[PDB]
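Observations on the model geometry
Here are the chains, one letter per residue:
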Amino acid sequence: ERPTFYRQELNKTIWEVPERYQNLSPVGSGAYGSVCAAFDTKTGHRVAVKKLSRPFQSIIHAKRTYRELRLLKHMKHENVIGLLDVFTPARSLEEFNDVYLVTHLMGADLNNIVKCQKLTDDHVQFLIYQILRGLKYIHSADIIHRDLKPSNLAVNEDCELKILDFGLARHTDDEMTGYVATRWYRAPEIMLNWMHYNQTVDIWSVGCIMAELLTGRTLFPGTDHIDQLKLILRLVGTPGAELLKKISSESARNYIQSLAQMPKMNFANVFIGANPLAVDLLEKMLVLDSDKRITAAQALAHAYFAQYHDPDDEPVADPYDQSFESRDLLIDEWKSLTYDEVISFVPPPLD
Ligand SMILES: Nc1nccc(-c2c(-c3ccc(F)cc3)ncn2CC2CC2)n1
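Per chain, the count goes from 1 following the written sequence and can depart from the entry's numbering; residues without coordinates do not appear at all. As a rule here, side-chain values cover all heavy atoms of the structure and leave hydrogens and water aside.

Its PDB header attributes the entry to X-ray crystallography and lists the resolution as 2.4 Å.

See below:
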C-alpha cells in the first residue's frame, strides 16, 4: 500500500508526488530531467525532486534510466550524491511510465567558490580530500565518473562536498567542441580517444580542479581539442615510447609523433607560491600515462592531507553488479527492471 499522491501542474508539467513532498517550486531542469525543490515532511530536509522526461522512449533512454537508478541506489557515501527516495504514481507495471528521483537539495557548486579567487591551502586541502575520499569509494565499486568538474561538485557553507552528475549514461557530443568548460577537465586519452580509459581519468580531473583552486584559473582552457592537448603537453611533456605504444590508433600515434617533443615543466615554477606538498601531489595526478597516475586511495595517503587523512574513515563500496551493461534487452525489459528497482527501494534511515 503506497502513500497518497497529489497531482499538480507546474510550468506546464504535471507532477504526481506523495503528500510528504510539500511546497514544490521549480529549480531548473534539463533535457534529461525536470527539477523541483520541496520540503520533505518525512525527513525534514529540503529536497530536489527530478521527474525524468521520457525514461523509456527508447532502449538507450530505457537503459540510461535503468543505469541511473541502479547507480543512485548504490551510492551510499557522504561525499557522493545519494538517493533519498524514488517513486512513481503508477499503481502497476501496466501503467508504469513516470520515474521521480529525490535527493538532498544542493545550493551551490564548486564554481560558486573557486570563481571568486584562489583558495587558502587549508580549503584546497579539505575540498580535494573530500573529492578523493568519495572517489576512492566510487572507484572501489569499479565505477568511473568520467565527468568530474567544478559544476558537478556540490559544496555547502561549511565546505562539505558531494560528487554528483555521474558521467556514465550521458554522451556530451558537439558539446565538447570549442572553448568549453565541459572539456577542460578531461584526460587527454579520453579526450582524443587514444586508448581505452581507466579509473585514473578521474584522477586527471581532480588534478585540474586542485590546480584551479590554487591559482584561481582554469589549468587547460583550450579553445578546442588540439589547442587543449597542446596546453597539456606543454606542461606535462610530450609522450614517450612507453606511452606511445599504448595508444591504439595508428593515427593518434602518428599525430602525436608530428609534435616537436617537450620535457615536463617545473611545477613549482608553474604553481608559484604553492605548498610544495600540493605541488608534489599535482605532479602525481597530472601524469600523461594513465597507468602511472596516482590512485584515489594512494592520494588520500599523501602528506598533503595529513590534517584530514583517517584510513579508518575512508570507506569503500559494496560490490556493484554492472553485468546488465552487456545485457541486451527490449525497452519493455528495461522498463520492468526499472520498475522492480523503484518498487524495491529501501530508504536510508533517519534518527
Ligand atoms: N538543486 C538540486 N539539488 C540537488 C540535485 C539537483 C539536480 C538533479 C537531481 C539528481 C538526483 C535526484 F535524485 C534529484 C535531482 N538533476 C538536476 N539537478 C540540477 C538542475 C535542475 C537544475 N538539483
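Considering the packing of aromatic side chains
Centres within 6.5 Å make a pair out of two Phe, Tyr or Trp rings, where for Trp the six-membered ring is used; the pair is then stacked when the planes are under 30 degrees apart, edge-to-face when over 60, and tilted otherwise. For the structure shown, the criterion picks out 16 aromatic pairs. Ring centres of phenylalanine 87 and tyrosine 100 lie 4.8 Å apart, and the angle between their planes is 15°; on these two criteria the pair is classed as stacked. Here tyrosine 100 lies in strand β9 (residues 100–104) and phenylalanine 87 lies in strand β8 (residues 85–87), a separation of 13 residues in the sequence. For the residue pair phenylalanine 87 and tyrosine 100, the accessibility class agrees, reading buried in each case. An angle of 80° between the planes, with centres 6.4 Å apart, marks the rings of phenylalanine 324 and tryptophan 334 as edge-to-face. Taken together, the residues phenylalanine 324 in the loop between α11 (296–300) and α12 (331–344) and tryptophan 334 in helix α12 connect sequence positions 10 residues apart. Considered together, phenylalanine 324 and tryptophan 334 belong to a single accessibility category, that of buried residues. Three or more aromatic residues joined by ring pairs form one cluster here, namely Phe5, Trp15, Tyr21, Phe87 and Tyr100. For helices the rule is a DSSP run of H or I covering at least 4 residues; for strands it is a run of E covering at least 2, with both sets numbered from the N terminus onward. Here the term buried applies to any residue with accessible area under 20% of the maximum for its type, exposed to any over 50%, and partly exposed to those in between, with areas from a 1.4 Å probe on protein chains only.

With respect to α12
Helix length check: α12 (14 residues) gives 20 Å between terminal C-alpha atoms against 20 Å at 1.5 Å per residue, within 8%. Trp334, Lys335, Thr338, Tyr339, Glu341 and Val342 are the residues of α12 that are buried. Buried positions in α12, seen along its axis, are confined to an arc of 160° and lie on one side of it. Away from its buried face by more than 90 degrees, α12 exposes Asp332 and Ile343. Each residue after the first adds 1.5 Å to the expected span of a helix. Arc definition: directions from the helix axis to the C-beta atoms.

Some words on the nonpolar core
Each nonpolar core is a collection of buried residues, namely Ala, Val, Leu, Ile, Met, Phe, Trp, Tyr and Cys, held together in the definition by side-chain atoms within 4.5 Å. Grouped together as the largest cluster of nonpolar side chains are 94 residues, with contacts concentrated most on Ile128, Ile131 and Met210. The dominant element in this core, judged by the number of residues it contributes, is helix α6 (residues 201–215), at 10 residues. Residue assignment places this core across two domains, with domain 1 (2–107 + 317–346) and domain 2 (108–316) each supplying three or more. When checking whether two residues touch, look at their non-hydrogen atoms; a contact exists if any pair is within 4.5 Å. Those residues in contact with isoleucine 128 that lie beyond four places of it in its chain are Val206, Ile209, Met210, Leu213 and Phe305. Domain start and stop points were drawn from an automatic or database domain assignment.

Describing the packing of helix α3 (residues 121–140) against α6
For the pair α3 and α6, the least separation of the axes is 10 Å and the interaxial angle reads 170°. Judged on the interaxial angle alone, α6 and α3 are roughly antiparallel. Along its contact with α3, which presents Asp121, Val124, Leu127, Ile128, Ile131, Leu132, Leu135 and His139, the element α6 presents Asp202, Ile203, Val206, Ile209, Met210, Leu213 and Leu214. For this classification, the nonpolar set comprises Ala, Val, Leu, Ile, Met, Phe, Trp, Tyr, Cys and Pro, the charged set comprises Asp, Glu, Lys and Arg, and every other residue, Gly included, is treated as polar. When its residues are assigned to classes, the contact of α3 with α6 shows 12 nonpolar, 1 polar and 2 charged. Structural elements are reduced to axes, namely lines fitted to C-alpha atoms, with helices fitted over the stretch in contact, and the angle between N-to-C directions of any two is expressed from 0 to 180 degrees. Between 65 and 115 degrees an angle is taken as roughly perpendicular, under 35 as roughly parallel, over 145 as roughly antiparallel, and anywhere else as oblique.

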